[PDB]
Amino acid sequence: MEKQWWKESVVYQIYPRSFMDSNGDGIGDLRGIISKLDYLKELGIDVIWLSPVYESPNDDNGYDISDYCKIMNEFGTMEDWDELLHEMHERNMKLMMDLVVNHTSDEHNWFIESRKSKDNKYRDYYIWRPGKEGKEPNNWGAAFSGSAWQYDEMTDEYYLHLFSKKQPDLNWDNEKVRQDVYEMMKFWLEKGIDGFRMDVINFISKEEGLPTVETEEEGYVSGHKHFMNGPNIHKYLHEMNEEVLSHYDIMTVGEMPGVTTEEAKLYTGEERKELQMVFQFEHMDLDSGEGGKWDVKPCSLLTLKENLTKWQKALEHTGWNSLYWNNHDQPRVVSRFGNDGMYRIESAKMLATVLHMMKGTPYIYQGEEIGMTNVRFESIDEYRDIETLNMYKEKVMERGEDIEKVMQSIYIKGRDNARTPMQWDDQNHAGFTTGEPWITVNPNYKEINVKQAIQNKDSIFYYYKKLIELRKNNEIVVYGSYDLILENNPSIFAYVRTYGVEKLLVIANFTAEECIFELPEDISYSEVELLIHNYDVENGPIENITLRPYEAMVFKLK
C-alpha cells in the first residue's frame, strides 16, 4: 500500500561465526565484521541482519541463548557491538538482530530455576508435563532427532524441546514470559537497532493439551500440526506489536516454516498489526520428498515458477513478500537451482536476476554475491552441525543405511554447505583467518573469492551491485505488480512488472541449452531499453530471442 523504507531495502545476512576472524582463533567475530563495513556499502546493502551474537553454549551455534543481554564470548564484547552499530549508522546502514524467542538455552537462568521444583516461580516459563504410560507425554519428535521430551529426575517430568535437549521451549501462554520477552526486546530497541528477524515465531503457540499425533507409526513423529500456526499465534504477534514493535521505527520479518499464502496475509497485512513480512519455506521444500529434507527429489522449473508466482500474486494487494534463495539453514543457490560447474557465473547471475526483479524485499546471504558453492567433504568428521551429525547416527548407526547415500544427502541438504568460511581471497584460509578455521574452507576458494570478483568487472559481485542499483533507481522494481508469462514453458522463466505506463520484461533461461523466447502478442511497447544482461547482447527486437545457456536479461518497455 504505502511506500516504506523497509519495502525499498536490500538486506545482507551475516553468519558472524564464518564471516571474518580478526583475532586468530578461527571463529569470526564482531571486529572482523566492522572491518568489512566498506565492502558491504560498496555492494549497496541497506540493512545487515546478524545471526545470533548473544551469550550461548553453542549447541546450535547461537540459536541456544543463555543470556539475551550479553555478547557471546567468542564474538567479542558489548563494546565491540556498540561500535558496530555506530559505524553502521555512520554509513547509512541499519542493523537487524535475530530474535530467538521460541526457546532459550537450558543454561539460561529461567531454566536453571525452572527445573529445581514444581512450585518454583519460573516453573511455568517452560512446558513441563508428566509421562503418559512410562513414556513421554506425547509422541512428538525433535528437529535434530529423538523425542521432543527430555526427562528430568528432579521433578519426574519432561520438558519440551522442539529442537535440541539444550533448547527448551518457552511457554507463551504465560504472560509473565511474554512480558519478560518484551522487556528484553526493548533493551535492544533502546540501544538503537533497526529491526528483528524472528526465529520460528509461528511455533510459539502450541495447541492446548499437546495432543499425540494420530498415527500407526513406530517411533517419534512430527507434531507440527499442533504447534505450527497455533491457536493464539495472531493474538501474541499483535500483542507484541502493540506493546513493543509499534513504538520504534524498525523492520520486522518472521521466519515461518509451514506458513501458507493465506496465513501470510493475516501475518503481514498492514492493518493486521502483526509483522511486516515472513520467510516462507515452500520454495525451500520443493526438492524434498515424503520423508523430509533428506528425501531429496528433483525440482523442475515449472514447479519453481508456479510456486514463486503464487506468492507473488497472493501478496500483491495485501501484505509484503520477502525474497530469498538461501541462508544459514539452506544449501547454496548456484548448486541447488543453478549449475555450479561450467556455468557457475552465468547461472548465478541468472538466479539473481529472477529473484531481484520480483516484488518484495530481497535478502542476500554472505557468499551469494561471489557465487559460493556447496561443499563436498569426503568424511563425516569434517562436518559440524548437530542436525547432520545426529541424522548420521540415526540413519547410519541405528537404521544401518548406506554411508554413501547418507553422505550424498548431506552434500545436497546439509546446513554446513552454508557455514564454511567466507572466501575473501586466495591466501591460506581464503583470508578468513590467520589461525585454523572452526570448519574447513571450501577448496574452491582459489578461483572463488572476493578479491578476484572485485578486480573482474564481469563477476557476480558486480552483477549483484547493478541489480541493487537498478532497484534503488527504479520505483517499478519495488512497487510494480507481477505477472508470469509463458507459464508452461519448461525452459524459460519469464514475467512482467507493470507500474504506471512502464513495464519490465524479465527473461531467464534456466537450462544449459539454447532456446527461443517469443514475446506474447498481448504485450505492446514502443520504446525498449536493455537494463542488465549476463551475456553480450545487442538485443532488438524482443519478439524472438535465442537464449544462450543460462542467459538472463531485463528490459524496460516504454
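We number the residues from 1 along the sequence you see.
In this entry, 514-522 shows the higher mean Cα temperature factor of the pair 514-522 and 31-39. Of the two stretches examined, 255-263 and 219-227, the record assigns the greater average C-alpha temperature factor to 219-227. Highest C-alpha temperature factor among 527, 46, 67, 60, as the PDB entry reports it: 527.
Ranking 56, 489, 509, 498 by the C-alpha B-factor listed in the PDB entry places 498 at the top.
Residue-level temperature factors show residue 296 in the highest third of its chain, judged at the C-alpha atom. For residue 505, the recorded CA temperature factor ranks within the middle third of the chain's modelled residues. Among all modelled residues in its chain, residue 534 ranks in the middle third by Cα B-factor.
Ranked by C-alpha B-factor against the other modelled residues of its chain, residue 135 falls in the highest third. In the deposited entry, the Cα temperature factor of residue 155 places it in the highest third of its chain's modelled residues.
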